[PDB]
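Shown next: structure_38.cif, given as mmCIF, C-alpha atoms.
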```
data_structure
#
loop_
_atom_site.group_PDB
_atom_site.id
_atom_site.type_symbol
_atom_site.label_atom_id
_atom_site.label_comp_id
_atom_site.auth_asym_id
_atom_site.auth_seq_id
_atom_site.Cartn_x
_atom_site.Cartn_y
_atom_site.Cartn_z
ATOM 1 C CA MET A 1 4.876 -11.758 5.998
ATOM 2 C CA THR A 2 3.775 -8.953 3.677
ATOM 3 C CA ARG A 3 5.207 -5.757 2.187
ATOM 4 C CA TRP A 4 3.900 -2.399 3.408
ATOM 5 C CA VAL A 5 3.579 0.723 1.255
ATOM 6 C CA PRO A 6 6.438 3.292 1.307
ATOM 7 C CA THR A 7 3.913 6.163 1.234
ATOM 8 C CA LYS A 8 4.677 7.900 -2.062
ATOM 9 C CA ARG A 9 3.400 11.152 -3.568
ATOM 10 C CA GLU A 10 3.205 12.616 -0.063
ATOM 11 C CA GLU A 11 4.097 16.067 1.267
ATOM 12 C CA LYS A 12 5.682 15.425 4.663
ATOM 13 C CA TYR A 13 3.428 15.332 7.726
ATOM 14 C CA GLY A 14 -0.109 16.116 8.837
ATOM 15 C CA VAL A 15 -2.421 16.355 11.839
ATOM 16 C CA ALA A 16 -4.317 13.803 13.921
ATOM 17 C CA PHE A 17 -7.563 14.821 15.619
ATOM 18 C CA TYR A 18 -8.635 12.001 17.927
ATOM 19 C CA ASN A 19 -8.501 10.637 21.471
ATOM 20 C CA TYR A 20 -6.280 7.605 20.871
ATOM 21 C CA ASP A 21 -4.528 6.100 23.891
ATOM 22 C CA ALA A 22 -1.927 3.511 22.905
ATOM 23 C CA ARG A 23 -1.075 0.951 25.584
ATOM 24 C CA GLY A 24 1.938 -0.567 23.853
ATOM 25 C CA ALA A 25 5.097 0.073 21.849
ATOM 26 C CA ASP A 26 3.360 -1.072 18.663
ATOM 27 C CA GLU A 27 0.681 1.604 19.035
ATOM 28 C CA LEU A 28 0.977 5.349 19.641
ATOM 29 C CA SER A 29 -0.985 7.779 21.812
ATOM 30 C CA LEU A 30 -2.629 10.425 19.631
ATOM 31 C CA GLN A 31 -4.532 13.516 20.764
ATOM 32 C CA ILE A 32 -6.432 16.312 19.026
ATOM 33 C CA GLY A 33 -4.303 19.299 18.074
ATOM 34 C CA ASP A 34 -1.129 17.233 17.716
ATOM 35 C CA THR A 35 0.920 16.897 14.528
ATOM 36 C CA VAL A 36 2.187 13.559 13.220
ATOM 37 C CA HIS A 37 4.781 12.751 10.562
ATOM 38 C CA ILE A 38 3.734 9.741 8.488
ATOM 39 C CA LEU A 39 6.598 7.533 7.311
ATOM 40 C CA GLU A 40 4.669 4.417 6.280
ATOM 41 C CA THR A 41 1.177 3.622 4.992
ATOM 42 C CA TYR A 42 -1.136 0.790 3.939
ATOM 43 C CA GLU A 43 -4.676 2.162 3.580
ATOM 44 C CA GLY A 44 -6.251 2.976 6.928
ATOM 45 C CA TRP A 45 -3.023 2.139 8.736
ATOM 46 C CA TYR A 46 0.001 4.448 8.748
ATOM 47 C CA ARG A 47 3.133 4.712 10.879
ATOM 48 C CA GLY A 48 5.133 7.719 12.024
ATOM 49 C CA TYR A 49 5.932 10.001 14.949
ATOM 50 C CA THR A 50 4.580 13.205 16.486
ATOM 51 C CA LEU A 51 6.512 16.437 15.944
ATOM 52 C CA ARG A 52 6.865 16.639 19.728
ATOM 53 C CA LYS A 53 7.846 12.981 20.097
ATOM 54 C CA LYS A 54 10.363 12.245 17.342
ATOM 55 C CA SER A 55 12.120 9.610 19.450
ATOM 56 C CA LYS A 56 8.869 7.655 19.727
ATOM 57 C CA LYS A 57 7.289 5.853 16.773
ATOM 58 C CA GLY A 58 3.940 4.152 16.244
ATOM 59 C CA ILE A 59 0.959 3.528 13.976
ATOM 60 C CA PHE A 60 -2.482 5.132 13.770
ATOM 61 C CA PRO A 61 -5.749 4.805 11.770
ATOM 62 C CA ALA A 62 -6.117 7.143 8.791
ATOM 63 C CA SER A 63 -9.790 7.516 9.754
ATOM 64 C CA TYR A 64 -8.746 10.733 11.518
ATOM 65 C CA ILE A 65 -5.543 11.666 9.682
ATOM 66 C CA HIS A 66 -5.212 14.739 7.470
ATOM 67 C CA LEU A 67 -1.996 15.572 5.617
ATOM 68 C CA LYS A 68 -1.027 19.247 5.468
ATOM 69 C CA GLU A 69 1.363 21.363 3.398
ATOM 70 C CA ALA A 70 3.955 21.741 6.157
ATOM 71 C CA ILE A 71 4.001 24.639 8.622
ATOM 72 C CA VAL A 72 6.297 27.575 9.380
ATOM 73 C CA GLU A 73 7.386 28.968 12.747
ATOM 74 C CA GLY A 74 6.811 32.683 13.251
#
```

Would you write out, as structure tokens, the structure that this file holds?
Amino acid sequence: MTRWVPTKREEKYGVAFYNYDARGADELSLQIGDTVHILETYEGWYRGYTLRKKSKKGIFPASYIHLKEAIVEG
């Protein structure tokens, strides 16, 4: 139908602070304190996967999304 944005000029991933509870494959359950890697975007509508759930993929509202400058273990 339409062409989505390939999310350019981005760092890598960010964090999602909300109480989202997806009830389908199209959506994705998001909780506060979890990190999400955005792969797609379209203004208030991005897609990706949580650092803990790489196998799973879904979309989430940017209303509560904040991109970070990557993290380091240790």

Calculate, to one decimal in Å, the centre and edge lengths of the box along x, y and z of the file that holds all listed atoms of range 53-69 of chain A with 6 Å of margin on each side, and present them as lines of an AutoDock Vina configuration file.
```
center_x = 1.2
center_y = 12.4
center_z = 11.7
size_x = 33.9
size_y = 29.8
size_z = 28.7
```

Test item: the PyMOL selection byres ((chain A and resi 48) around 12) resolved as a count of residues only: 37

CA of residue 63 in chain A to CA of residue 25 in chain A, straight-line distance in Å: 20.6 Å

Distance criterion (all atoms listed in the file): nearest to residue 64 in chain A out of A:32, A:21, A:3, A:10: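 Closest residue, counting all atoms listed in the file: A:32.
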
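CA of residue 73 in chain A to CA of residue 8 in chain A spans 25.9 Å [interatomic distance, one decimal].
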